[PDB]
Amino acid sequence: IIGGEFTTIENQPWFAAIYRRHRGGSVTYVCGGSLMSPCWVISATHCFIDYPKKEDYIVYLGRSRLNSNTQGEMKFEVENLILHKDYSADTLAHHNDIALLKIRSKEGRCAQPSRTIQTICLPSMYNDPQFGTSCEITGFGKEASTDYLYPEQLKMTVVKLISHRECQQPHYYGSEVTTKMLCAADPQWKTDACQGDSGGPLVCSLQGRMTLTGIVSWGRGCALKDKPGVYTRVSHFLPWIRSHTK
C-alpha cells in the first residue's frame, strides 16, 4: 500500500494472508484474501494460476505481521482451491480474477471467531455503493513501486470508488476496464494498492454492513495520476460464489 497507516489485524479481522512453501525451507507471501464464511476464504485467481498445487499453500488468519507470529493467529491448509474458469490476463488486465480456498486446520476445523478473526459480508446481487464512497483496502504489498521487499506490518488506506465512465476514459484505462471490474483511487493520487496487495479486500459500508465490494486485482504502476486501482466486482460474481459455497 502506498501511503496508508500501519494497523493491526483487529482493525481488519477478515483479512487472510496466503503464503507458498518452497523446497529448501522458506515459505513466501503470495497474496491477501478475505474470510467469507468459517471454511471459505476469497482471493484472486492470478495469485494461484502459475502454481495451482494447493498442498503447497498455507493460509493464516489473525496476523498483523508478515514473517513473525501474532498471538491468536490460526494456520490452515487449503482443502479446495477453486479458480475461475474464464480467468484471462492480457496486457494490464485480469478478467474474472476471483478464487475460493476452502481451509482446514491440522485438527480438521475451520476458522473460530476471536477479536482477530471475523468474516466480512457479501453484497447482495449486483448491489454496489455509488461512486464517491470511501472504502478501505489492506495488505502487505509494497510501500513504493521501487521497493523489492514487502513491509512486515500490515497497512490499510482509504480510497474512493470512481465511476466506470471516469475509468474508461482513453487516458485512464479505456475499455480494458469492464462492468465486472471496479475502479478506486485517491482524489490526489497519493495512496493506492500496489504489488503484493493482490487478492485482498476493498471494503465499503453497504446497507449498514461493512461489505466485501472488491478484490485487489491490477493497476498500471501504483498511485499514478489517472491510473486507478482496478478490483474484481464481487456483486457480479455472487451466483459463482454461491455455486461453490453452498
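We number the residues from 1 along the sequence you see.
Asks: Higher mean Cα B-factor in the deposited model: 5-13 or 19-27?
Replies: Mean CA B-factor is higher for 19-27.
Asks: Averaging CA B factors per stretch from the PDB record, which one is higher: 36-44 or 51-59?
Replies: The deposited B-factors put 51-59 ahead on the C-alpha mean.
Asks: Per the entry's Cα B factor values, which of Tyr172, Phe140, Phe131, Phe76 stands out as the maximum?
Replies: Each of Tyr172, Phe140, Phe131, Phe76 was compared by C-alpha B-factor; the highest is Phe131.
Asks: Between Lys102, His94, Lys155, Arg165, which one tops the list for Cα B-factor in this entry?
Replies: In the PDB entry, the greatest C-alpha B-factor among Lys102, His94, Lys155, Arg165 is found at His94.
Asks: Among the chain's modelled residues, which third holds the C-alpha B-factor of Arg220?
Replies: Tercile = highest for this residue's CA B-factor.
Asks: Would you mind checking where the Cα B-factor of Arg65 ranks among the modelled residues of its chain, as the lowest, middle or highest third?
Replies: Its C-alpha B-factor, which the entry lists for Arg65, ranks in the lowest third among residues of this chain.
Asks: With respect to C-alpha B-factor, does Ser198 fall in the lowest, middle or highest third of the chain as deposited?
Replies: Within its chain, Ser198 is a lowest-third residue by C-alpha B-factor, going by the deposited values.
Asks: When the modelled residues of the chain are sorted by Cα temperature factor, does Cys183 land in the lowest, middle or highest third?
Replies: Middle third of the chain for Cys183's C-alpha B-factor.
Asks: Rank-wise, by C-alpha B-factor, drop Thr119 into the lowest, middle or highest third of its chain.
Replies: It belongs to the lowest third of the chain when residues are ordered by C-alpha B-factor.
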